[PDB]
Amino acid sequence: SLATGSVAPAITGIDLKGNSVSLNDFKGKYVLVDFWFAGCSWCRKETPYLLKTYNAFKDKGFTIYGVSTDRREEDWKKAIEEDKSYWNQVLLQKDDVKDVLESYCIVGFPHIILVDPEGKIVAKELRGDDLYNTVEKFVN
């Protein structure tokens, strides 16, 4: 991971509507960035916490930006349907996966961080109830 206070590096992927959507698109909002893939069990198990958080704060200048490294688009879509994880979900193009992971120095998954409205990383290692409580702290 990167140090808190770091500027979050650029990310672009393709969303479920077939459009390119970047982290920069959410400037002005707090954004939980969730790096994951379908075969990451613990990533999937965070879903209820992510949904609870998304629902509580989505009207107050907050969103979730999910970023998958799935090699297969089918696996990614199946997971989203199974999890009902219908926030902003993008899939990295193959040629971008290594660059994104290196830029965020991602070693392990899940990797869930909180980015502020100016694009600075303000929290990391977010899991479970701590995820909700951390977002509450920054958004409220």
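Don't overthink the numbering: it's just position in the shown sequence, from 1.
Annotation for 98 to 106 versus 50 to 58: the higher mean temperature factor (C-alpha) is found in 98 to 106.
Taking only CA atoms, the mean B-factor in the PDB entry is higher for 126 to 134 than for the other of 126 to 134 and 21 to 29. In the deposited entry, the Cα temperature factor of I121 places it in the middle third of its chain's modelled residues.
In the deposited entry, the Cα temperature factor of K45 sits in the middle third of values across the chain's modelled residues. Sort the chain's modelled residues by C-alpha temperature factor and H111 lands in the lowest third, per the entry. Among the modelled residues of the chain, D83 sits in the highest third by CA temperature factor in this PDB entry. Looking at the C-alpha B-factors along this chain, the one for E73 belongs to the highest third.
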